[PDB]
Amino acid sequence: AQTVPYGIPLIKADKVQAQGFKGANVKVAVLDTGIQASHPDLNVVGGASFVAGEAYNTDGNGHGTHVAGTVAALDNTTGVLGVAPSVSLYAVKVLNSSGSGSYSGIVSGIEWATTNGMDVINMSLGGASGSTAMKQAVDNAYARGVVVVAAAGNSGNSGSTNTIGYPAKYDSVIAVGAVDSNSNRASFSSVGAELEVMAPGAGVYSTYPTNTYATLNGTXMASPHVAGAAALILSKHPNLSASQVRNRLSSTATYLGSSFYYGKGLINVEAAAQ
């Protein structure tokens, strides 16, 4: 009765979960459209909302719930399986039900996450431009020991044009691209010098608002695979610093082609958590 989305074994999260490392006691903040906390396949420990009128534990869009499920859908006999099923899941609502949010709201969610001691922050969101406030927020979270992961964007490639969005473009954040079940680069996946790693992003099945499950495409789906992987590494090696977890993900990646299109390649968590 429990479906294992193709992305779990593609990044070898299953090999690691098999060793008994499932992200227990690692704190992951999902800065998104909120999370349908009542979903049977998700356990949200807490959060905050920086969007007017909406509580953090509701998701009127679907996006946040889907991202959360890829990171931590509960290991049981129903629904799907998350990359790090035992993680302490926090919903930080920074995007409205239309999937949009302000820099101010985003910066506050990052700050809240750093202040509240999150170990990993996932941002399946981005903008064409950045802001010093946002750069300062991510550089500080990173310097504080937090692993910061962001979706690279879905602008595809325009010749030699860099299409990586913010915050993924900042060097203190891991810019994640998207591949499909054949491990091929998804056409929509953004390109550019800052692209760091790749993760499953096309045809990703996960938890979806009102106790169901749905399939979505996007670097938004790729990102939570890396956030979850970071969680597995930390549960296995509590001692590592954020930069060490980051380097482990990128050094052990499966080469797929030119770094402008694939970064260091597809993540392999079995090899990264060795």
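What's counted below: heavy atoms across the whole structure, side chains too, no hydrogens, waters or symmetry copies. In what follows, residues are counted from 1 in the order of the sequence shown.
- Under the side-chain contact (heavy atoms from CB on, under 4.5 Å) criterion, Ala13 pairs with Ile8, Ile11, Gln17, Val83, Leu232, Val269, not counting sequence neighbours.
- Side chains of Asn211 and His39: no donor on one and acceptor on the other come within 3.5 Å.
- Under a hydrophobic-cluster definition in which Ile, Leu, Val, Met, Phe, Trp and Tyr are linked whenever side-chain heavy atoms come within less than 4.5 Å, directly or via other members, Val191 and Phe188 are assigned to different clusters.
- Inter-residue side-chain proximity for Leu249 and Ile233 is flagged as met; some heavy-atom pair is nearer than 4.5 Å.
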Test log, rule side chain to side chain contact (heavy atoms under 4.5 Å, CB included), inputs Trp112 and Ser49
CA-CA 10 Å; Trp112 180 92; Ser49 174; over 6 Å; no
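- Shortest non-hydrogen contact noted between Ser190 and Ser155 is OG-N, 3.0 Å.
- Of all heavy-atom pairs spanning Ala175 and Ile164, the tightest one is CB-CG2, 4.3 Å.
- With values rounded to the nearest 0.5 angstrom, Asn239 atom CG is found 7.5 Å from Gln244 atom CD.
- Looking only at distances, a side-chain donor or acceptor of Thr161 sits under 3.5 Å from a matching main-chain atom of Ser158.
- Using a 4.5 Å heavy-atom threshold, the side chains of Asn217 and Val204 count as separate.
- Residues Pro224 and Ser124 are in side-chain contact: their nearest non-hydrogen atoms beyond the backbone lie under 4.5 Å apart.
- For the pair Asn76 (side chain) and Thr78 (backbone), a donor-acceptor distance under 3.5 Å is present.
- The stretch residues 190-207 participates, sequence neighbours left out, in these salt bridge (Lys or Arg N to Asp or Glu O under 4.0 Å) pairs: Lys169-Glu194, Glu196-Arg246.
- Between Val226 and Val197, some side-chain heavy-atom pair lies under the 4.5 Å cut-off.
- Between the side chain of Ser223 and the backbone N or O of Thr219, no donor-acceptor pair lies under 3.5 Å.
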Only pairs under 3.5 Å count here: list side-chain donor-acceptor contacts from residues 50-59, not counting sequence neighbours, and write none if there are none.
{"unit_1": "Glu54", "atom_1": "OE1", "unit_2": "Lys93", "atom_2": "NZ", "d": "2.8"}
{"unit_1": "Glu54", "atom_1": "OE2", "unit_2": "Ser97", "atom_2": "N", "d": "3.4"}
{"unit_1": "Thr58", "atom_1": "OG1", "unit_2": "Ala55", "atom_2": "O", "d": "3.1"}
{"unit_1": "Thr58", "atom_1": "OG1", "unit_2": "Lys93", "atom_2": "NZ", "d": "3.1"}
{"unit_1": "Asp59", "atom_1": "OD1", "unit_2": "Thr33", "atom_2": "OG1", "d": "2.8"}
{"unit_1": "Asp59", "atom_1": "OD1", "unit_2": "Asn61", "atom_2": "N", "d": "3.1"}
{"unit_1": "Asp59", "atom_1": "OD1", "unit_2": "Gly62", "atom_2": "N", "d": "2.9"}
{"unit_1": "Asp59", "atom_1": "OD2", "unit_2": "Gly62", "atom_2": "N", "d": "3.2"}
{"unit_1": "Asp59", "atom_1": "OD2", "unit_2": "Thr65", "atom_2": "N", "d": "3.0"}
{"unit_1": "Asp59", "atom_1": "OD2", "unit_2": "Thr65", "atom_2": "OG1", "d": "2.6"}

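- For the pair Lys15 and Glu270, the salt-bridge criterion is met [side-chain N within less than 4.0 Å of a carboxylate O].
- Side-chain polar atoms of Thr207 and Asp41 form no donor-acceptor pair below 3.5 angstrom.
- Of the possible donor and acceptor atoms, none in the side chain of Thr212 sits under 3.5 Å from a partner among the backbone N and O of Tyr208.
- Counting only distance, with no hydrogens or angles, the side chain of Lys27 and the backbone of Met118 share no donor-acceptor pair below 3.5 Å.
- Using a 4.5 Å cut-off between side-chain heavy atoms of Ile, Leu, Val, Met, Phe, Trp and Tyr, with links allowed through other members, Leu74 and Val44 fall into different hydrophobic clusters.
- At least one side-chain heavy atom of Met123 sits under 4.5 Å from a side-chain heavy atom of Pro167.
- At least one side-chain heavy atom of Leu31 sits under 4.5 Å from a side-chain heavy atom of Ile110.
- Between the side chains of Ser243 and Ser241, at least one donor N or O sits under 3.5 Å from an acceptor N or O.
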Apply side chain to side chain contact (heavy atoms under 4.5 Å, CB included) to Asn157 and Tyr261, showing your working.
CA-CA 8 Å; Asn157 60 119; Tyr261 300 94; 3.7 Å; yes
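- Evaluation of the ring-ring contact (aromatic ring centres under 6.0 Å, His included) test over residues 143-175, restricted to residues two or more places apart or in two chains, returns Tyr166-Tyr170.
- Side-chain contact between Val94 and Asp32: absent, with no pair of heavy atoms (C-beta onward) separated by less than 4.5 Å.
- In this structure, a donor-acceptor pair under 3.5 Å is absent between the side chains of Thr254 and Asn268.
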Which atom pairs, donor and acceptor, lie under 3.5 Å between side-chain atoms of residues 138-153 and protein residues at least two apart or in another chain?
{"unit_1": "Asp139", "atom_1": "OD1", "unit_2": "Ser172", "atom_2": "OG", "d": "2.6"}
{"unit_1": "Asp139", "atom_1": "OD2", "unit_2": "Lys135", "atom_2": "NZ", "d": "2.8"}

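- Considering every non-hydrogen atom in both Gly218 and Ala178, the closest pair reads O-CB, 4.2 Å.
- Heavy-atom minimum distance, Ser235 versus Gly23: OG-N, 3.4 Å.
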Given side chain to side chain contact (heavy atoms under 4.5 Å, CB included), test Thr3 with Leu81 step by step and report yes or no.
CA-CA 7 Å; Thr3 297; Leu81 173 64; over 6 Å; no
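- Placement of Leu195 and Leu266 within a single hydrophobic cluster is found when ILVMFWY residues are connected by side-chain heavy-atom separations under 4.5 Å, directly or transitively.
- Nearest approach of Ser131 to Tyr103, heavy atoms of both residues: OG-CG, 4.3 Å.
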Could you go step by step and tell me if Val179 and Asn184 meet the side chain to side chain contact (heavy atoms under 4.5 Å, CB included) rule?
CA-CA 5 Å; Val179 298; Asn184 292 156; 6.0 Å; no
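- Rounded to the nearest 0.5 Å, atoms NZ (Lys264) and OG (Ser259) are 9.0 Å apart.
- Side chain of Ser206 to backbone of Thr70: a donor-acceptor contact under 3.5 angstrom is found.
- Checked by atom type, the side-chain pair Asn116/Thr114 shows no donor-acceptor distance below 3.5 Å.
- Checked by atom type and distance alone, the side chain of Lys236 pairs as donor or acceptor with a backbone atom of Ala273 at under 3.5 Å.
- Looking only at side-chain heavy atoms (C-beta outward), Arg248 and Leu240 come within less than 4.5 Å of each other.
- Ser102 and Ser104 share a side-chain donor-acceptor pair at under 3.5 Å.
- Across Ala68 and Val30, no two heavy atoms sit closer than the pair CA-CG2, 4.3 Å.
- Residue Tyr205 is found in a hydrophobic cluster whose other members, listed by chain and number, are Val80, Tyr213; membership requires side-chain heavy atoms under 4.5 Å apart, directly or through intermediates.
- In this structure, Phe260 is a member of the same hydrophobic cluster as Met198, with clusters built from ILVMFWY side-chain heavy atoms closer than 4.5 Å.
- Judged purely by atom type and a 3.5 angstrom limit, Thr163 uses its side chain to pair as donor or acceptor with the backbone of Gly156.
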